[PDB]
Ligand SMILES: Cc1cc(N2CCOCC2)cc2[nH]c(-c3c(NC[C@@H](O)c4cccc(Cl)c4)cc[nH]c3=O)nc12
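Only one chain is given next, in structure tokens, and it is the form solved without the ligand.
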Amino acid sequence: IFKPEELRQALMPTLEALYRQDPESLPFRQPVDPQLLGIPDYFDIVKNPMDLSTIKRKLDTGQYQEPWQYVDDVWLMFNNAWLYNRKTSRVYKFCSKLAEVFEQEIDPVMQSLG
């Protein structure tokens, strides 16, 4: 059983590491509004949108029972971006950088949580 405060304390630094990436985190910080962004087919392609602010809210409000659910949301965010965007795009390349950062951050943390 994982207490929500323990998950927050352990996992939030990994999320903060993503947020600190500039310019790479910028398209990932807030939920996608497809009409506002001029990408009206977004939710047709991306069935389960995810973004950094949603993940933070889930940690803040105790919505994860176990740490792999958090890892899965981060990876969902990445996979959505690699699915929707062209390989030359900023979002695609930025996603790839975030995945590099996340891999390094999450490893010791997951080992520590068990």
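Basically, rigid core = biggest C-alpha set you can superpose within 1.5 Å across the two forms. Residue numbers here begin at 1 and follow the sequence given.
Novice: Superpose by the rigid core: which stretch, 49-57 or 30-38, shows more Cα shift in 7 other deposited structures of this protein?
Specialist: Between the two stretches, 30-38 moves farther in 7 other deposited structures of this protein.
Novice: Do the C-alpha atoms of 33-41 or of 56-64 have the higher average B factor in the entry?
Specialist: The stretch with the larger average C-alpha B-factor is 33-41.
Novice: Please compare 76-84 with 24-32 and say which has the higher mean C-alpha temperature factor in the record.
Specialist: Comparing 76-84 with 24-32, the higher mean C-alpha B-factor belongs to 24-32.
Same protein, other form: the form solved in complex with the ligand, not shown, and the subject of what follows.
Novice: Examine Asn79 and determine whether its closest non-hydrogen atom to the ligand in the bound PDB entry is within 4.5 angstroms.
Specialist: Looking in the bound PDB entry, residue contacts with the ligand include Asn79, since a heavy atom lies within 4.5 Å.
Novice: Just checking whether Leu113 would be counted as a contact of the ligand in the bound PDB entry - the rule being heavy atoms within 4.5 angstroms.
Specialist: No, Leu113 stays farther than 4.5 Å from the ligand in the bound PDB entry.
Novice: May I ask you to list the residues of 87-114 that have any heavy atom within 4.5 angstroms of the ligand in the bound PDB entry, in sequence order?
Specialist: Result: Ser96, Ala99, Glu100, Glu103, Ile106, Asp107, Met110.
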